[PDB]
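Just the one chain here, laid out as structure tokens, in the form deposited in one PDB entry.
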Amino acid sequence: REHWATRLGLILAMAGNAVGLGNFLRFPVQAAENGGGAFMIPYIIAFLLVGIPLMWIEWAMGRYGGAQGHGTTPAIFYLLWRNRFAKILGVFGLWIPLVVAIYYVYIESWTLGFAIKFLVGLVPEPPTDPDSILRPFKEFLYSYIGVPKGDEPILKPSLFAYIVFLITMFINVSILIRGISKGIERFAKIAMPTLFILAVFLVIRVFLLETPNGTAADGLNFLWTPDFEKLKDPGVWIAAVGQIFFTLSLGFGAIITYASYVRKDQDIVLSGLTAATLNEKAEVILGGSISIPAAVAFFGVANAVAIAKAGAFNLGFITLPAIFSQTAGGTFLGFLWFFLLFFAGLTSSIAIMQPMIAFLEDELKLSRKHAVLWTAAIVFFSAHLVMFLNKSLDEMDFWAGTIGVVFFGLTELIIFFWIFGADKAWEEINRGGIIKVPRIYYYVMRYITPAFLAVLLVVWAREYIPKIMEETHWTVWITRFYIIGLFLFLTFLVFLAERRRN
């Protein structure tokens, strides 16, 4: 089996996995919609009772399976529990990262295209009216991704966006095709430091933004000022948990696959804790100090929150660059922003394609080159659905990146810490650890976490089940049909692997 060359490289690779578009895009939006500081408490708790324990659990399962030559859940679930249904459940550790990869890499290509155009200096040019400043950039983004005027099921992506998507796929492939230590690690050791530098620079520059309508400091206060009136709102807790899952790459099967390349005897405790901590730092300190403080700086708090609620991409791809355009050297600043976004996205995308690649390599005994090329082919092909079909992206992000990751987290936790046994699991987690997990967490993993997640899933199901059946748009039914197809495909591949074993 292939392994990480150094501990540093491992740390930065896992951190690259975690730290991504979820930090600089999803987080600011989630925190803004949820009332700033009010969102932070549930966010921190969710980080302690969910993110950390699941992170460790996934590192442990990953290394455990990796020792036996298995980097994916279909096999690992079977090692931990002997059943066919364990494999069928394991299929999600493929389906999820694939589905997410499909749209995620596309958004990444967006950030790349914007990076290029902002570098070369082709951007809308604003003239004191907010709408006259934002409109040009809204039109810019819409032209880029081909957004329809009314609500029209069909998207018309510009040739440039398509070509940039191809390029992005090529970059992902060129990194992935060189393997774990040479391709992923070597890139992480660069991209990560570059990312931190750019993020710090942007944070400072933004902090320097002050106008008659507000300041960045106001945004920081808004984000860090506690509000206890929202603690009774379940939605805030649900959003916090979702954000924790997404940002830490939990339930994506990615952490597990990365961990399967850690040597059996190496410590996953301190490495895991370090990766998670790095992610949280990149999220709350960096991600939260850029977009929101700038939006609040120019348009004030109320308007910043309104913009945040307007959409996820509205803040990152429209508002922020429109704000930058009003400052000296704002175009270059925008460029730095989108470049940061790009590296952050790439480091994650490689991570989510790696599970499929690893299933092909381990189970179907394919060479790395072939596995990577086929994974790339599948992702690229399926991506046309997200590119040309309006609302498809949201649907995939929902079923995979939202519900699926939680369901899968609960599933893996239940299999590892219950069926496989709690004591054996604990011993497996602490084994070889440079430091040991606090005893209390044993009771957190076995009782608190699974109960919390189960409750969450119950609420979610209760709310969504009625809504699902009545939905007007055909694009979402097409997307559902297709991703179900992907699930059948993956299940079939698992079947073939199983047969090959015999």
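Each form is matched to the other, and the largest set of C-alpha atoms that superpose within 1.5 Å is called the rigid core. For every residue, the number given is its place in the sequence shown, counted from 1.
FYI, the form deposited with a small molecule bound isn't displayed, but the following is about it.
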- Message: Does any part of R26 reach within 4.5 Å of the small molecule in the deposited complex? Heavy atoms only, please.
- Response: yes
- Task: Report whether the minimum heavy atom distance between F222 and the small molecule in the deposited complex is within 4.5 Å.
- Result: no
- Can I107 be called a contact residue for the small molecule in the deposited complex at 4.5 Å between heavy atoms? yes
- Message: Whether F416 contacts the small molecule in the deposited complex should be assessed with a 4.5 Å heavy atom distance threshold; does it?
- Response: no
- Message: Please tell me which of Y261, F420, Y103, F137 lies within 4.5 Å of the small molecule in the deposited complex, judged by heavy atoms.
- Response: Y103
- Task: Classify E152 as shifted (yes) or not shifted (no) between the shown form and the other one, where shifted means its C-alpha moves by 2 Å or more with the rigid core superposed.
- Result: yes
